[PDB]
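Asks: The structure follows.
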Amino acid sequence: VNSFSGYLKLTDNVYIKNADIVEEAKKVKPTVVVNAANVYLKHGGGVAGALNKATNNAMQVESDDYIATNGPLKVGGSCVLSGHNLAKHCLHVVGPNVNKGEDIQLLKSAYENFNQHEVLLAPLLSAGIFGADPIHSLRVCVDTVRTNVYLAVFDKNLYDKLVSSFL
Ligand SMILES: Nc1nc(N2CC3(CCC3)[C@@](F)(C(=O)O)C2)c2c(n1)[nH]c1cc(F)ccc12
């Protein structure tokens, strides 16, 4: 039993809700919240900008130190950093950005990072400003992640489309 409330169950291990991931994280304090990061951990907009803003920019400060030490992530890769006031940990995962021409096949590799964590609160990778089809992203998530994933979808309209078209 865990503290996630109001989710619709899609499969044995994947759950979905219409929610703001910032507010969902603030209330649940999950062990892991996933950020839709870029390789530079520049959290300017989308989910990343919203998560970072909710941390009063502490996420960005920590991220800049991480990059200065380690260099950029790989597309499809991840790193574990602090969850600040939102979660114990933040798993920064880089899905391919279609608006940069990145290979969508890397979306599966991105979701594989979730399997290193028993339970996660996460957005749909490569959705939103990353330009991928959220329905495809959900399919890859379901077919790749084996651990327990609670997906937060900000837009009510897209949420309904994702549920209604789910196979
Ligand atoms: N550009 C942008 N995309 C965001 N996504 C990307 C998205 C996937 C489909 C498009 C999303 F809309 C959704 O799940 O419906 C969330 C958020 C955001 N800005 N600010 C936010 C603040 C939050 F608390 C949570 C999510 C976002």
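Residues in the structure tokens are numbered from 1 in each chain, the chains being A, B, ... in the order shown, and ligands are numbered from 1 in the order shown.
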Can you list every residue in range 21-115 of chain A that DSSP puts in alpha helix (DSSP H), as an mmCIF file with C-alpha atoms, in the first residue's frame?
Replies:
data_model
loop_
_atom_site.group_PDB
_atom_site.id
_atom_site.type_symbol
_atom_site.label_atom_id
_atom_site.label_comp_id
_atom_site.auth_asym_id
_atom_site.auth_seq_id
_atom_site.Cartn_x
_atom_site.Cartn_y
_atom_site.Cartn_z
ATOM 1 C CA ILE A 21 3.090 16.770 -11.056
ATOM 2 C CA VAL A 22 4.338 19.646 -8.879
ATOM 3 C CA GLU A 23 1.206 19.588 -6.736
ATOM 4 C CA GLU A 24 1.034 15.784 -6.807
ATOM 5 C CA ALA A 25 4.653 15.631 -5.611
ATOM 6 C CA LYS A 26 4.040 18.285 -2.933
ATOM 7 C CA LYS A 27 1.291 16.227 -1.431
ATOM 8 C CA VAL A 28 2.587 12.690 -1.800
ATOM 9 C CA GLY A 46 7.735 22.316 -19.408
ATOM 10 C CA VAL A 47 7.781 19.868 -16.530
ATOM 11 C CA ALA A 48 11.417 20.716 -15.720
ATOM 12 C CA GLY A 49 10.792 24.445 -15.476
ATOM 13 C CA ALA A 50 7.781 23.829 -13.237
ATOM 14 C CA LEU A 51 9.587 21.391 -10.935
ATOM 15 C CA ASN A 52 12.571 23.698 -10.667
ATOM 16 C CA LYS A 53 10.369 26.734 -9.909
ATOM 17 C CA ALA A 54 8.661 24.773 -7.125
ATOM 18 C CA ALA A 58 17.497 24.815 -5.798
ATOM 19 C CA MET A 59 17.092 22.055 -8.391
ATOM 20 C CA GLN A 60 18.911 24.222 -10.967
ATOM 21 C CA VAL A 61 21.721 25.086 -8.538
ATOM 22 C CA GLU A 62 22.282 21.410 -7.741
ATOM 23 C CA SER A 63 22.044 20.516 -11.433
ATOM 24 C CA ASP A 64 24.632 23.094 -12.494
ATOM 25 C CA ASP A 65 27.100 21.639 -9.988
ATOM 26 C CA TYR A 66 26.340 18.122 -11.310
ATOM 27 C CA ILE A 67 27.040 19.171 -14.921
ATOM 28 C CA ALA A 68 30.183 21.081 -13.993
ATOM 29 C CA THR A 69 31.530 17.872 -12.425
ATOM 30 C CA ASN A 70 30.186 15.197 -14.786
ATOM 31 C CA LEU A 106 15.714 6.363 -27.620
ATOM 32 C CA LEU A 107 12.396 6.742 -25.796
ATOM 33 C CA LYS A 108 12.513 3.076 -24.773
ATOM 34 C CA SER A 109 16.026 3.527 -23.372
ATOM 35 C CA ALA A 110 14.804 6.567 -21.441
ATOM 36 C CA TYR A 111 11.958 4.610 -19.831
ATOM 37 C CA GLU A 112 14.340 1.756 -18.912
#
Asks: Mind dumping a table of every range 15-60 of chain A residue within 10 Å of range 123-137 of chain A, with the nearest atom pair and its distance in Å to one decimal, using only C-alpha atoms, sorted by chain and rising number, as JSON lines?
Replies:
{"residue": "A:16", "atom": "CA", "partner": "A:123", "partner_atom": "CA", "distance": 9.6}
{"residue": "A:19", "atom": "CA", "partner": "A:123", "partner_atom": "CA", "distance": 9.9}
{"residue": "A:20", "atom": "CA", "partner": "A:123", "partner_atom": "CA", "distance": 9.5}
{"residue": "A:21", "atom": "CA", "partner": "A:123", "partner_atom": "CA", "distance": 7.2}
{"residue": "A:33", "atom": "CA", "partner": "A:123", "partner_atom": "CA", "distance": 8.8}
{"residue": "A:34", "atom": "CA", "partner": "A:123", "partner_atom": "CA", "distance": 6.8}
{"residue": "A:35", "atom": "CA", "partner": "A:123", "partner_atom": "CA", "distance": 7.3}
{"residue": "A:36", "atom": "CA", "partner": "A:125", "partner_atom": "CA", "distance": 6.2}
{"residue": "A:37", "atom": "CA", "partner": "A:125", "partner_atom": "CA", "distance": 9.1}
{"residue": "A:38", "atom": "CA", "partner": "A:130", "partner_atom": "CA", "distance": 9.4}
{"residue": "A:45", "atom": "CA", "partner": "A:129", "partner_atom": "CA", "distance": 8.2}
{"residue": "A:46", "atom": "CA", "partner": "A:129", "partner_atom": "CA", "distance": 6.3}
{"residue": "A:47", "atom": "CA", "partner": "A:123", "partner_atom": "CA", "distance": 7.7}
Asks: Please list as a PyMOL selection string every residue within 9 Å of residue 82 in chain A, counting only C-alpha atoms and excluding residues in the same chain fewer than 3 positions away.
Replies: chain A and resi 59+62+85+87-91
Asks: Check the smallest atom-to-atom distance from each of A:43, A:29, A:100, A:9 to ligand 1 using only C-alpha atoms and all ligand atoms, then report the winner.
Replies: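 The shortest atom-to-atom distance to ligand 1 comes from A:43.
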Asks: If you count only C-alpha atoms, which residues fall within 7 Å of range 144-149 of chain A, apart from same-chain ones fewer than 5 positions away, as number ranges by chain?
Replies: A: 13-15, 108, 111-112, 114-115, 117-122
Asks: Those same residues, written as an mmCIF file, in the first residue's frame with C-alpha atoms?
Replies:
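The resulting file, part08.cif, is shown below:
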data_model
loop_
_atom_site.group_PDB
_atom_site.id
_atom_site.type_symbol
_atom_site.label_atom_id
_atom_site.label_comp_id
_atom_site.auth_asym_id
_atom_site.auth_seq_id
_atom_site.Cartn_x
_atom_site.Cartn_y
_atom_site.Cartn_z
ATOM 1 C CA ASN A 13 2.167 -1.776 -12.772
ATOM 2 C CA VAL A 14 1.114 1.440 -14.584
ATOM 3 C CA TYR A 15 -1.358 3.975 -13.155
ATOM 4 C CA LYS A 108 12.513 3.076 -24.773
ATOM 5 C CA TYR A 111 11.958 4.610 -19.831
ATOM 6 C CA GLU A 112 14.340 1.756 -18.912
ATOM 7 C CA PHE A 114 12.533 3.809 -14.377
ATOM 8 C CA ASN A 115 13.198 0.101 -13.740
ATOM 9 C CA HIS A 117 13.274 2.356 -8.861
ATOM 10 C CA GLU A 118 10.492 0.348 -7.248
ATOM 11 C CA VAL A 119 7.927 3.185 -7.314
ATOM 12 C CA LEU A 120 7.939 6.499 -9.207
ATOM 13 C CA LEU A 121 5.757 9.528 -9.861
ATOM 14 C CA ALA A 122 6.494 10.581 -13.414
#
Asks: Write out as a tab-separated table (two decimals) with N, CA and C atoms, in the first residue's frame each polymer residue whose atoms come within 7 Å of residue 75 in chain A, counting only C-alpha atoms; drop sequence neighbours fewer than 5 positions from it.
Replies:
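Full text of part33.tsv as output:
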chain	number	residue	atom	x	y	z
A	39	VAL	N	19.80	17.14	-21.64
A	39	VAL	CA	21.14	16.64	-21.33
A	39	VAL	C	21.95	17.62	-20.52
A	94	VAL	N	16.29	11.89	-19.59
A	94	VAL	CA	16.32	12.60	-20.87
A	94	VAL	C	15.65	11.72	-21.92
A	95	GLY	N	14.41	12.06	-22.27
A	95	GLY	CA	13.76	11.48	-23.42
A	95	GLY	C	14.23	12.23	-24.66
A	96	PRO	N	14.12	11.59	-25.83
A	96	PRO	CA	14.45	12.30	-27.08
A	96	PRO	C	13.51	13.49	-27.31
Asks: Pick out the closest residue to residue 161 in chain A from this set: A:116, A:73, A:142, A:18. Count only C-alpha atoms.
Replies: A:18
Asks: Could you name the residues that touch residue 6 in chain A at 9 Å or less, counting only C-alpha atoms, but leaving out those on the same chain fewer than 2 positions away, as a PyMOL selection string?
Replies: chain A and resi 4+8+16-17
Asks: Have a look at atom 8 (C, counted along the ligand's line) of ligand 1 and CA of residue 98 in chain A and let me know their distance in Å, one decimal.
Replies: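 That distance, rounded to one decimal, is 13.2 Å.
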Asks: Residues of range 38-90 of chain A classed as strand (DSSP E or B) by DSSP on the backbone are to be reported as a ChimeraX atom specification.
Replies: /A:78-82,89-90
Asks: Taking N, CA and C atoms for each residue, export the selection above as a PDB file, in the first residue's frame.
Replies:
ATOM      1  N   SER A  78      19.993   9.167 -17.579  1.00  0.00           N
ATOM      2  CA  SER A  78      19.403   9.721 -16.374  1.00  0.00           C
ATOM      3  C   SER A  78      20.465   9.935 -15.312  1.00  0.00           C
ATOM      4  N   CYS A  79      20.090  10.717 -14.310  1.00  0.00           N
ATOM      5  CA  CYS A  79      20.852  10.783 -13.074  1.00  0.00           C
ATOM      6  C   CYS A  79      19.890  10.990 -11.916  1.00  0.00           C
ATOM      7  N   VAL A  80      20.305  10.548 -10.735  1.00  0.00           N
ATOM      8  CA  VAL A  80      19.544  10.721  -9.499  1.00  0.00           C
ATOM      9  C   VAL A  80      20.128  11.892  -8.733  1.00  0.00           C
ATOM     10  N   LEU A  81      19.294  12.878  -8.434  1.00  0.00           N
ATOM     11  CA  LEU A  81      19.683  14.013  -7.620  1.00  0.00           C
ATOM     12  C   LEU A  81      18.640  14.171  -6.518  1.00  0.00           C
ATOM     13  N   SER A  82      18.793  15.221  -5.717  1.00  0.00           N
ATOM     14  CA  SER A  82      17.841  15.470  -4.647  1.00  0.00           C
ATOM     15  C   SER A  82      16.440  15.750  -5.191  1.00  0.00           C
ATOM     16  N   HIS A  89      14.014  11.889  -3.839  1.00  0.00           N
ATOM     17  CA  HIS A  89      14.934  11.923  -4.961  1.00  0.00           C
ATOM     18  C   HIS A  89      14.212  12.428  -6.193  1.00  0.00           C
ATOM     19  N   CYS A  90      14.958  13.079  -7.076  1.00  0.00           N
ATOM     20  CA  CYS A  90      14.499  13.359  -8.426  1.00  0.00           C
ATOM     21  C   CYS A  90      15.333  12.552  -9.404  1.00  0.00           C
TER      22      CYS A  90
END
Asks: For the atom pair CA of residue 156 in chain A and atom 16 (C, counted along the ligand's line) of ligand 1, what is the interatomic distance in Å to one decimal place?
Replies: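 CA of residue 156 in chain A sits 10.4 Å away from atom 16 (C, counted along the ligand's line) of ligand 1.
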Asks: I need the residue nearest ligand 1 from this list: A:157, A:11, A:164, A:2. Use only C-alpha atoms and all ligand atoms for the distance.
Replies: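 Selected residue with least distance to ligand 1: A:157.
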Asks: Quick one: of A:44, A:7, A:102, A:165, who's nearest to ligand 1, counting only C-alpha atoms and all ligand atoms?
Replies: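 The answer is A:44, which sits nearest to ligand 1.
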